[PDB]
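# coordinates for the following, if possible.
(chains A, B and C, ligands or ions: 2)
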Amino acid sequence: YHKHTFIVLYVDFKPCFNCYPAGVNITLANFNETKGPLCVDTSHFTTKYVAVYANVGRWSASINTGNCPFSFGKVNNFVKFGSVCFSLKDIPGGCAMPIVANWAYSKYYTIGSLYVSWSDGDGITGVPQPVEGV
Amino acid sequence: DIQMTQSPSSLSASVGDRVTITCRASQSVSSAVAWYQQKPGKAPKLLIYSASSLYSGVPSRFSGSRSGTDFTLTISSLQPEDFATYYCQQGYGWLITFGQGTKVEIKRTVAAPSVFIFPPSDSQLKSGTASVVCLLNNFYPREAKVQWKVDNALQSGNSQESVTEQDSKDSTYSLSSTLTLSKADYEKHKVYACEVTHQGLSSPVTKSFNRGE
Amino acid sequence: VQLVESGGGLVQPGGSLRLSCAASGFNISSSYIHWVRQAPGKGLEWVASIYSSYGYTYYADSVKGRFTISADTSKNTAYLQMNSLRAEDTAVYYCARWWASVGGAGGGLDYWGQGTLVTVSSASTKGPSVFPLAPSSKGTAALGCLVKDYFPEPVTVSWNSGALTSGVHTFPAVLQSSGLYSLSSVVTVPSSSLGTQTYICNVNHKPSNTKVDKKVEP
Ligand SMILES: *[C@@H]1O[C@H](CO)[C@@H](O[C@@H]2O[C@H](CO)[C@@H](O[C@@H]3O[C@H](CO)[C@@H](O)[C@H](O)[C@@H]3O)[C@H](O)[C@H]2NC(C)=O)[C@H](O)[C@H]1NC(C)=O
Ligand SMILES: *[C@@H]1O[C@H](CO)[C@@H](O[C@@H]2O[C@H](CO)[C@@H](O)[C@H](O)[C@H]2NC(C)=O)[C@H](O)[C@H]1NC(C)=O
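Numbering: from 1, shown residues only, chains lettered A, B, ... in the order given. Ligands and ions are numbered 1, 2, ... in the order given. There you are, the coordinates:
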């Protein structure tokens, strides 16, 4: 009973067509700014990306390793940790996961920022799981 | 949606013995665990973070560990200066909550009490109200009984007592037994004072003072 | 590198008041700052924290609207405003700091201020009178200072300007039948010291704004 928990990132965007898109719907699972950054409470966790953005454009989107050393997904690659939490808002002393998209790839805009907190340790673990709509 | 339950509530133990305190994570969590020490009527003091992180100025004997949801704080050898309340905290720079906490007591030798007798001040009688006290210093066990005898006659309804916390080093206790009464009822009787009964005294002992001698 | 709570005292129910957290050694913007209350003879519970730089206000489920937190960077000092105080609120109030070596995550509370007391009751400030516990007849013997009919707690007791330490026994306060606090502070001494020694008890009561230093003699 319990042990498996997931954190997920939903991003939808809507289209000068090749400009800052107006429809931003960055979404963080189970996240309440007021409550504060979500903190994993389980031994195992998996990371996934969501194309809420409609596949109607040459535009493309990605999250690039930046301030944080550990890139998304690589995180799932059996990376150990002591404690971790995530919040859309910059968390002081936090890794920065730029959330960005490019029309086609020729042009780019700094649409989103995700920030994370690192706590060194061994209990928490990088983990892989598959894909389903839920 | 997260809390912690701290067990035990309170304990005593011999000096230099091993002491375990645990907190079960209401809905288990990560490494946000921390233990703190608060001395009586004193500022709380930092002990350990994430079980394994000790701030500078922490003695080696203290240890913190994780066993899943259960978080253990272990003091290898009980030291008298350690006597205080201890609390466990789960959280980050955001949120956090506290458990009921565990005050720890020192189990030590049978300690004889010292008694001192105190009549009121001549300057205190000026108000028209008077007060007396019987002093108990450096004793163990804490549990004991004060008696007030007036003209060979006991009294009641006037006795209020304050209890010291365990002494930082002495590991002993001191007691303030304040007997209150008005100027008139003071001057009514004259040969009187306090008796105490304790394990320390094979035969209970009493101090006495004649009024204004 | 130290903290100081300030502005602690008494206010009547329904009153509102603001508390001062002085800081020395660090810019408050760089660290989280929390406020914690200690219920009398009960467990502590978290109130709220604030990060000055990103103006992050995080409160507890206990008191969303009832209190609010702030801090001024030029002041380099943190504030806590409270309104419509209730009986449960009556507590000791400490401000304190937070640090992480990792940085982003898991941390702790390192430094504390002395902490101040806040009371909510209709009885207004009242001043105590100090009377001496005089050299007894007893070997060692001991003596002390006695305080009566003051409201509300706390009271500061000192001996010879705090030159005295070991043997001080400042008893906890006791609540009188009247509705006042009465406690006693004392010290164990030898027999010989009595001849020459000069013993004076310094005492300060914050709601009365009165400080007395009275000598003790046989
Ligand atoms: C931005 O996009 C997200 C993702 O679509 C939106 O979240 C979605 O909110 C709607 C309305 O609350 C959800 O629809 C309904 O949700 C309930 C469960 O909460 C479900 O019982 C209904 O059957 C229905 O699905 C929608 O499920 C939810 N996200 C998902 C999983 O699609 C969000 O509202 C959008 N707006 C913002 C905040 O920018
Ligand atoms: C998520 O954040 C919202 C922000 O509006 C919280 O909503 C209010 O939070 C206060 C906190 O004291 C409550 O008193 C209110 O009843 C909340 N209102 C509503 C409509 O929920 C909310 O509590 C936070 N948490 C959740 C799980 O929604």
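# which parts of stretch C:138-145 are buried?
Judged by neighbour count (16 or more other CB atoms under 10 Å in any protein chain shown), stretch C:138-145 contains these buried residues: C:141-145. For every residue, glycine as well, the C-beta is placed using N, CA and C.
# span of that stretch from start to end?
18 Å (CA to CA, to the nearest Å).
# who touches it?
With contacts defined as CB atoms under 8 Å, 6 or more residues apart in numbering or on different chains, stretch C:138-145 is touched by B:114, B:116, B:118, B:135, B:137, C:130, C:132-136, C:157, C:167, C:184-191, C:194, C:199, C:201, C:203, C:214, C:216.
# cool, and stretch A:98-110?
Contact with stretch A:98-110 is made by A:9, A:11, A:13, A:17-21, A:26, A:53, A:57-64, A:66, A:111-114, as judged by CB under 8 Å, 6+ apart.
# quick one: that stretch to chain centroid distance?
With CA atoms, centre = their mean, to the nearest Å as the basis, stretch A:98-110 stands 16 Å off its chain's centre.
# report the residue ranges of every domain in chain C.
C:2-120, C:129-216 (CATH domains of a matching chain).
# would you convert the ones you listed into TSV that also reports distance to residue A:91?
Output for the domains of chain C, formatted as TSV (distance: least, CB to CB, whole Å):
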stretch	distance to residue A:91
domain C:2-120	6
domain C:129-216	38
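# out of those domains, which is closest to residue A:4?
Nearest of these to residue A:4, taken as CB to CB: domain C:2-120 at 21.3 Å.
# show the end-to-end separation of that closest one, please.
Distance between the two ends of domain C:2-120: 28 Å, counting by CA to CA.
# stretch C:151-160 too?
Stretch C:151-160 has an end-to-end distance of 25 Å (CA to CA).
# report the separation between the closest residue to residue B:38 other than its chain neighbours and residue C:109.
Spatial nearest neighbour of residue B:38, excluding adjacent residues (CB to CB, 6 or more residues apart in numbering or on different chains): residue B:44 at 4.0 Å. As for residue B:44, its distance to residue C:109 is 8 Å (criterion: CB to CB, to the nearest Å).
# out of the buried residues of stretch C:138-145, who's nearest ligand 2?
Comparing the buried residues of stretch C:138-145 against ligand 2 with CB to the nearest ligand atom places residue C:145 closest, at 47.3 Å.
# and the closest one, bridged to which residues?
The bridge-partner assignment for residue C:145, based on DSSP bridges, gives residue C:132, residue C:185.
# then residue A:81?
Applying DSSP bridges, one finds that residue A:81 bridges with residue A:124.
# for the residue most central in space within chain C, give me its contacts.
Centroid-nearest residue in chain C, with CA atoms, centre = their mean: residue C:116, separated by 3.5 Å. Residue C:116 makes contact with C:5-9, C:19, C:92-93, according to CB under 8 Å, 6+ apart.
# excluding its backbone neighbours, what's nearest it?
residue C:8 (2.5 Å).
# again with residue C:80
According to CB to CB, 6+ apart, the nearest residue to residue C:80 is residue C:19 (4.2 Å).
# so who does residue C:157 touch?
Here residue C:157 is in contact with C:145, C:147, C:170, C:185, C:201-203 (CB under 8 Å, 6+ apart).
# which ones are touching the residue of chain B positioned farthest from its centre?
What lies farthest from the middle of chain B is residue B:188; by CA atoms, centre = their mean that is 36.9 Å. Residues counted as contacts of residue B:188 (CB under 8 Å, 6+ apart): none.
# tell me the phi and psi of it?
phi -60, psi -50 (degrees, to the nearest 10).
# residue B:175 bridge partners, please.
According to DSSP bridges, beta-bridge pairing links residue B:175 with residue B:136, residue B:163.
# touching, residue A:80 and residue A:126? I think so.
Yes: using CB atoms under 8 Å, residue A:80 makes contact with residue A:126 at a distance of 6.9 Å.
# which of these two has more residues huddled nearby?
With neighbours defined as other CB atoms under 10 Å in any protein chain shown, residue A:80 and residue A:126 compare such that residue A:126 has more, 18 against 11.
# could you report the neighbour count for the nearest residue to the more buried one once chain neighbours are set aside?
Closest residue to residue A:126 apart from its sequence neighbours, by CB to CB, 6+ apart: residue A:79 at 3.4 Å. Residues near residue A:79, counting by other CB under 10 Å, number 14.
# quick one, what contacts the nearest residue to residue C:161 once chain neighbours are set aside?
Distances taken as CB to CB, 6+ apart put residue C:202 closest to residue C:161, at 6.1 Å, once the chain neighbours are dropped. By CB under 8 Å, 6+ apart, the contact list for residue C:202 reads C:156-162, C:211-213.
# strands paired with the helix or strand harbouring residue C:21, and their directions?
Assigned by DSSP states H and E, residue C:21 belongs to strand C:17-24. Each strand paired with strand C:17-24, and its direction, by DSSP bridges: strand C:2-6 (antiparallel), strand C:77-82 (antiparallel).
# including distance to residue A:40 and mean neighbour count, could the ones you listed go into JSON lines?
Shown next, in JSON lines, are those (distance: least, CB to CB, whole Å; neighbours: other CB atoms under 10 Å in any protein chain shown):
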{"stretch": "strand C:2-6", "distance to residue A:40": "32", "mean neighbour count": "17"}
{"stretch": "strand C:77-82", "distance to residue A:40": "30", "mean neighbour count": "20"}
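# quick check: closest non-adjacent residue to residue B:127.
residue C:129 (7.2 Å).
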